[PDB]
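See below for the structure under consideration.
Basis for what follows: all heavy atoms, side chains included, without hydrogens, waters or symmetry-related copies. Naming: A, B, ... by sequence-line order, numbering from 1 per chain.
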2 protein chains.
Amino acid sequence: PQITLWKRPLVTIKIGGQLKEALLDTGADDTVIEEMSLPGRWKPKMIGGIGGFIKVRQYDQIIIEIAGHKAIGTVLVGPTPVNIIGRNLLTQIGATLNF
Amino acid sequence: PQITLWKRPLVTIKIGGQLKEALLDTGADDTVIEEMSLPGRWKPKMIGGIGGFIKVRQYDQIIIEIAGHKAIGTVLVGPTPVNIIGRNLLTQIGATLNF
Ligand SMILES: CN[C@H]1CO[C@@H]2OC[C@H](OC(=O)N[C@@H](Cc3ccccc3)[C@H](O)CN(CC(C)C)S(=O)(=O)c3ccc(OC)cc3)[C@@H]21
Ligand SMILES: [Cl-]
Ligand SMILES: [Cl-]
Ligand SMILES: [Cl-]
Ligand code: NA
Ligand code: NA
């Protein structure tokens, strides 16, 4: 699709067997999802944005379906105010910015 | 151009006659720039990101060049960790997300 930016670019995702809404976010290096359980191992990480840092759990090799396109990658889980799909997964669905 | 996301989507901007680097950020509603001087009056705004809220100075109707495209619009100035071009000016340069 082509997504204009008059509104937030929100899409439906499926992760951990759950459907959620997330923001397609080119300014995010990594994908950060609100607190939820995921299977497998994880390690702690700090990530920073506007406001400062939050502690997250880093899960590797997680499959996510983004607007109907399957991708695999690292997913950070923690107290983000919004679910964010960042570049590590946007690349895998072939997403580009065009102007 | 068509910009892939394997690297940060950094571009050159020009504001107040200075060149700066900024991130094209579809997850940002607003454009937020590191401390600098801008002409005219400002209004208060609080913006929230991953690690909480910050106070910024809101300058309206500021001329800014972004990757060679002219925009004139609102710029927020404050302690952001990186300069961010948000949807308010991404729409002015005609940017879309595509996959
Ligand atoms: C709520 N208001 C926010 C949205 O619109 C306003 O505009 C400015 C601000 O937007 C944001 O902070 N947006 C966030 C994404 C975002 C969106 C919403 C809440 C929090 C974060 C942004 O797209 C991604 N952020 C990084 C940039 C600040 C460099 S981040 O969420 O902090 C982030 C940092 C490291 C990551 O991996 C290492 C992954 C993500 C304001
Ligand atoms: Cl859960
Ligand atoms: Cl990854
Ligand atoms: Cl590619
Ligand atoms: Na894993
Ligand atoms: Na002004």
Side-chain angles (χ1 to χ4, degrees), chain A residues 3-5 7-16 20-36 38 42-67 69-99, chain B residues 3-11 21-34 47-54 66 76 78-91 95-99:
Chain A
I3 297 172
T4 55
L5 295 169
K7 310 284 149 172
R8 292 169 178 158
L10 291 174
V11 300
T12 301
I13 67 166
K14 187 185 302 186
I15 179 181
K20 295 172 175 294
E21 204 82 3
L23 185 69
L24 298 186
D25 188 353
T26 61
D29 299 332
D30 294 339
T31 292
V32 193
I33 302 298
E34 291 176 12
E35 297 272 6
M36 63 176 294
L38 289 173
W42 63 266
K43 62 195 154 163
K45 186 182 178 71
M46 288 285 259
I47 59 168
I50 262 167
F53 286 79
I54 61 174
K55 187 171 83 143
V56 298
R57 298 191 302 290
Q58 177 180 333
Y59 291 87
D60 299 317
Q61 299 183 115
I62 296 299
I63 297 160
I64 300 201
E65 201 171 304
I66 302 158
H69 297 243
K70 274 169 177 211
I72 188 165
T74 295
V75 171
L76 306 183
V77 176
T80 178
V82 63
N83 300 315
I84 295 155
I85 303 307
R87 291 189 299 99
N88 72 306
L89 295 179
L90 294 174
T91 56
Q92 301 296 285
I93 66 175
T96 61
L97 274 168
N98 298 81
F99 54 100
Chain B
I3 303 185
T4 56
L5 297 168
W6 306 97
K7 308 168 357 235
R8 289 178 173 153
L10 297 171
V11 298
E21 291 299 297
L23 187 64
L24 301 177
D25 192 351
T26 57
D29 292 345
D30 309 310
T31 290
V32 192
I33 303 298
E34 287 152 24
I47 58 176
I50 229 170
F53 285 86
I54 58 172
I66 302 159
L76 310 179
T80 176
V82 292
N83 298 319
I84 289 144
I85 306 308
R87 292 188 294 99
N88 74 304
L89 303 180
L90 294 173
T91 54
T96 57
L97 269 176
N98 294 262
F99 58 90

Which pair of non-hydrogen atoms, one from [X] and one from [Y], has the smallest distance, and what is that distance?
{"X": "B/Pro9", "Y": "A/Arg87", "value": "CD-CD, 3.8 Å"}
{"X": "B/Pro81", "Y": "A/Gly49", "value": "CG-O, 3.6 Å"}
{"X": "B/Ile50", "Y": "A/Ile54", "value": "O-CG2, 3.5 Å"}
{"X": "B/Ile84", "Y": "B/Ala28", "value": "CG2-CB, 3.5 Å"}

Just jot down the side-chain contact (heavy atoms from CB on, under 4.5 Å) partners of A/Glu35, sequence neighbours excluded, or say none.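 Per chain and number, A/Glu35 pairs via side-chain contact (heavy atoms from CB on, under 4.5 Å) with A/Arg57, A/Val77, A/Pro79.
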Considering residues at least two apart in sequence or located in another chain, which fulfil the side-chain contact (heavy atoms from CB on, under 4.5 Å) criterion with B/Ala95?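 A/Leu5, A/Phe99, B/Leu90, B/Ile93.
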With a 3.5 Å distance limit and no angle check, can you tell me whether A/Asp60 reaches the backbone of A/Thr74 through a side-chain donor-acceptor pair?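 Flag not set: sc A/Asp60 to bb A/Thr74 has no pair under 3.5 Å.
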Between B/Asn83 (side chain only) and B/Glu21 (backbone N and O only), is there a donor and an acceptor less than 3.5 Å apart?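 Yes; at least one donor-acceptor contact below 3.5 Å.
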Does B/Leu10 form a side-chain contact (heavy atoms from CB on, under 4.5 Å) with B/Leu23? I'd like the steps, not just the answer. CA-CA 5 Å; B/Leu10 297 171; B/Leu23 187 64; 3.7 Å; yes
Let me confirm one number: the [atom1]-[atom2] distance from [X] to [Y], rounded to the nearest 0.5 Å.
{"X": "A/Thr31", "Y": "A/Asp25", "atom1": "OG1", "atom2": "CG", "result": "9.0 Å"}
{"X": "A/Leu89", "Y": "A/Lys70", "atom1": "CG", "atom2": "NZ", "result": "14.0 Å"}
{"X": "A/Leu76", "Y": "A/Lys55", "atom1": "CG", "atom2": "NZ", "result": "13.5 Å"}

Under the side-chain contact (heavy atoms from CB on, under 4.5 Å) rule, what do A/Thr26 and A/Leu24 come out as? Steps first, then yes or no, please. CA-CA 7 Å; A/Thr26 61; A/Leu24 298 186; over 6 Å; no
Is atom NZ of A/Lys14 surrounded by more than 12 heavy atoms (other residues, nucleotides or ligands) closer than 6.0 Å?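 No.
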Would one find more than 12 heavy atoms of other residues, nucleotides or ligands at under 6.0 Å from atom CD1 of A/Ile63?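 Incorrect, the count does not exceed 12.
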side-chain contact (heavy atoms from CB on, under 4.5 Å), that's the test. Do A/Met36 and A/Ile15 meet it? Break it down for me. CA-CA 10 Å; A/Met36 63 176 294; A/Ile15 179 181; 4.0 Å; yes
Evaluate the criterion side-chain contact (heavy atoms from CB on, under 4.5 Å) for residue pair A/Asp30 and A/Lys45; output intermediate values, then yes/no. CA-CA 12 Å; A/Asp30 294 339; A/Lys45 186 182 178 71; 3.9 Å; yes
Side-chain heavy-atom pair [X], [Y] within 4.5 angstrom cut-off:
{"X": "A/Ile13", "Y": "A/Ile33", "value": "yes"}
{"X": "A/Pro44", "Y": "A/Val56", "value": "no"}
{"X": "A/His69", "Y": "A/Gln92", "value": "no"}
{"X": "B/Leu97", "Y": "A/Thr96", "value": "no"}

Do you know which of A/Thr80, A/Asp29, A/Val32 makes side chain to side chain contact (heavy atoms under 4.5 Å, CB included) with A/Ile47?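 Result: among A/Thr80, A/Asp29, A/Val32, A/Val32 is the only option passing the side chain to side chain contact (heavy atoms under 4.5 Å, CB included) with A/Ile47.
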